[PDB]
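As structure tokens, one chain now follows by itself in the form deposited in one PDB entry.
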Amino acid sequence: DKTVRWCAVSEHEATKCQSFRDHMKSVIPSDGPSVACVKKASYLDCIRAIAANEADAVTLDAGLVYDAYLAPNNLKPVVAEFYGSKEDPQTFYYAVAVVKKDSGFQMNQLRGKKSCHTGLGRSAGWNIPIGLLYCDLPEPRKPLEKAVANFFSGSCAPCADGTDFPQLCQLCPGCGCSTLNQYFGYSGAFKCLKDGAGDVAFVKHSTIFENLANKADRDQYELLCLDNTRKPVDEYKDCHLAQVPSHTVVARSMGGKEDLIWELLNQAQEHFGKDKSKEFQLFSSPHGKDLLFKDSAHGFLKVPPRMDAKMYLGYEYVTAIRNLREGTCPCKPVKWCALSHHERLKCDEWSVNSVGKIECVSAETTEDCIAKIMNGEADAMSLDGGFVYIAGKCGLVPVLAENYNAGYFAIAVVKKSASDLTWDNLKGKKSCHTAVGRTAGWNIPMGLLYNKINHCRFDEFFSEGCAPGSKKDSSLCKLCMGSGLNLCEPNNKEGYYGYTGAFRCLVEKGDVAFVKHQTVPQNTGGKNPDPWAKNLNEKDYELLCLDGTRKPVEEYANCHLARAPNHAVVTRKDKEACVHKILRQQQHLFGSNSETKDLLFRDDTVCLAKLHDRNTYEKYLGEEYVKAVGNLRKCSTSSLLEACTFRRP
């Protein structure tokens, strides 16, 4: 049977679950999902029941989503409650630190300041800010209130033990835990900042806009970002302490039943959701408050399947809570992420030769690696510009570029015999790409071509081709050479994958190859001993220039599609400085003074350059590059990008 066993934590919740059960039976057909109702004493008892295969689903706040993730529960987010309009679904809130403009201090200078909290034990007002500050607090850190009382000079921390720690209630004597206290709650803590009582208020992004209508007033405030800078209040998305999901349905990581859970809930909102006015209303609690779901919910969004709990909660939230739960405080080694059995081996060699300054983490895919850098399991890796885009939108930034001598050149290579082909009209021809979503083989050439055909349905523009990463049924997988499941994969087991592979695809099957300016020189004239390249001459090939003409291969400077941004090392913002130093020190020892091919870094890289000003993916890639990728995103199929675009569009 297709049964979703929902877990309730109270008799009122269980009664609603039963009404939920009986009404869905009148709406869902025989082959569809039905609900069962398991009543337990608490949210943690529900988490344990789900993990024990005695129930299937429960909706949790962020704190318990974290608890549900830890072993041995290992639950996962599947469906997201959303609020507000259908056009702009508000799935998360942002915990921010608001300050007065020109007060002259950053997040890392809060010791001694006066703080305004919404209330002790609340998320944005306490657990998150104190969670992040935890190791900055003085020892002993237990009890936590004593440590905070000895960190801020004074504060208003409603519901704090002012008798034993009167510093915490200096700004609100008694620290009344009710609205009788002027500085209690979300309006109160911001009022505690506005009135001049405190120097910082830990609140939600929307508190400022709800308590100050005129933007002129809002300009007198700023936000403290975790990189120790400030930003205006309406840039909370790029300057917050944490992005927190409001209410989240969780299920087992393996054993589900994510498929049924979404079918059940999506059906339920379509017939009993907001503005549906039936006997049974999914988001009403006739004899309670927020039973099973929050009464203010407007519907449900499916959580993208690539996303786990650490990625859904976010790096900084996980850091804050882990500090509160465990209470553990210490440049540290840089954990590099390797993708192959050949790449890991190089990493282990590199690790022992670094006297411990480099450690090694592994994963199957680049996206898996990028996810491990986001959550802290890994620290750094080198990426093609196309993956830097993914990494940037996922939160990471570039810290070092690999220089090869401004970046490398992207060109279109054809066979010289074929005198007919031009850049003007390539429709109906056979294309060879390094892979989908890569700088030289896709983002640059297909970005330009998008502007000339007005769509990204490129399998209907070219007759066929090989663009590793495309869907296996696509005409852009027909020319690939991989065998079995390897066919058309964007990895080594597909022989037409990469710069060289795409050129090989041209030699043997295709009409045009989109690669970089050195690819042809390195695979002709005997440079590449493989049979497919051994006897090739670089004079039998030429490049397609944008004006519509063709030029020889070694004249790439005058005949090129666009300058491609170099590959770059990406990391988290909180480890940018440390990766920048250890690697600049590492190439000084092992630089210009790989067993297989392009392990960790490309093999034609001389050094690792600094960027200074270009420490974000938009600054590094360029404006025109980012807009091209935006146009190509309409037809793109990246699941990692889908997940971290669910948090940050």
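Note that residue numbering begins at 1 and tracks the sequence as displayed.
Enquirer: What is the count, as a class, of unmodelled deposited residues between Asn405 and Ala406: none, 1 to 3, 4 to 9, or 10 or more?
Expert: The entry has a long gap there, with 10 or more residues left out between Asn405 and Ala406.
Enquirer: Relative to the deposited sequence, how many residues with no modelled coordinates occur between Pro330 and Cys331 (none, 1 to 3, 4 to 9, 10 or more)?
Expert: 4 to 9 residues lack coordinates between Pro330 and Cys331.
Enquirer: Do the C-alpha atoms of 425 to 433 or of 491 to 499 have the higher average B factor in the entry?
Expert: Averaging CA B-factors over each stretch, the winner is 425 to 433.
Enquirer: Do the C-alpha atoms of 294 to 302 or of 387 to 395 have the higher average B factor in the entry?
Expert: Between 387 to 395 and 294 to 302, it is 387 to 395.
Enquirer: Based on what the PDB entry reports, which of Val553, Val244, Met254, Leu324 has the top C-alpha B-factor?
Expert: Among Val553, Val244, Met254, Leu324, the highest C-alpha B-factor in the entry belongs to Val553.
Enquirer: Among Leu313, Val233, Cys369, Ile453, where is the Cα B factor highest in this entry?
Expert: That would be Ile453, according to the entry.
Enquirer: Can you work out whether the C-alpha temperature factor of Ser354 puts it in the lowest, middle or highest third of the chain?
Expert: Highest third, going by the recorded CA B-factors of the chain.
Enquirer: Taking the C-alpha B-factors as the PDB entry records them, is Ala51 in the lowest, middle or highest third of its chain?
Expert: Lowest third.
Enquirer: Taking the values exactly as deposited, rank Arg647 by C-alpha B-factor within its chain and report the matching third: lowest, middle or highest.
Expert: Its C-alpha B-factor, which the entry lists for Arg647, ranks in the middle third among residues of this chain.
Enquirer: By the recorded C-alpha temperature factor, relative to the other modelled residues in its chain, which third is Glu222 in?
Expert: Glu222: CA B-factor falls in the middle third of its chain.
Enquirer: By its CA B factor, does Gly63 count among the lowest, middle or highest third of the modelled residues in the chain?
Expert: Lowest third - that is where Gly63 ends up once the chain's C-alpha B-factors are sorted.
Form solved in complex with a partner chain: not shown, discussed below.
Enquirer: Which is the contacting stretch out of 339 to 347, 196 to 204, 224 to 232, 299 to 307, given heavy atoms within 4.5 Å of its partner chain in the deposited complex?
Expert: In short, 339 to 347.
Enquirer: May I ask you to choose, among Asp219, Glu460, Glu364, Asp295, the residue with a heavy atom within 4.5 Å of its partner chain in the deposited complex?
Expert: Exactly one residue meets the criterion: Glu364.
Enquirer: Name the residue from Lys278, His455, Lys493, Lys215 that puts a heavy atom within 4.5 Å of its partner chain in the deposited complex.
Expert: That would be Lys493.
Enquirer: Verify the contact flag for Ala41: yes if a non-hydrogen atom of it lies within 4.5 Å of a non-hydrogen atom of its partner chain in the deposited complex, no if not.
Expert: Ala41: no contact with its partner chain in the deposited complex.
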